[PDB]
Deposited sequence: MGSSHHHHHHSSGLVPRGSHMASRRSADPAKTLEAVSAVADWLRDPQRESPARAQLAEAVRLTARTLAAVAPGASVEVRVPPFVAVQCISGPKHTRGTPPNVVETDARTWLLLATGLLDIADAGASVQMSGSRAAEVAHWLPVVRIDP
């Protein structure tokens, strides 16, 4: 929603430059939850599980726990979700399990931010 864009703006300065003031746990938690829930909305399904510990776990992409898992930290997730980082350039920071985990790439960025 409009609340997702508000939550991303509150952490955008820190995403562009980490030397800037780090957001509070509450700000980081909402920006992670709302961007992951946006991914689950634009691509409904339960083929892939996106885990961003300790803030969220969402199920997405068409087809118990899904057989495909994408696991990453809050900062990497928000860089991917805003398009500041490509999942190809992400490396070992994004851990993937299953044959279709990499399909999340077709649905990123979920919120385009100014670079």
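Several segments of the deposited sequence have no coordinates for C-alpha: 1-28, 92-96, numbered from the first residue.
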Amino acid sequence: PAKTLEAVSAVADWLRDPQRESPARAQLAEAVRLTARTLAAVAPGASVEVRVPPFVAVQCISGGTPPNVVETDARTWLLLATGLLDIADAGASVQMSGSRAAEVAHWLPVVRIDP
From here on, numbers count along this sequence of modelled residues.
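The stretch 84-92 shows the higher mean C-alpha B-factor when 84-92 is compared against 43-51 in the entry. In this entry, 10-18 has the higher mean Cα B-factor, the comparison being between 101-109 and 10-18. In the deposited entry, the Cα temperature factor of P67 sits in the bottom third of values across the chain's modelled residues.
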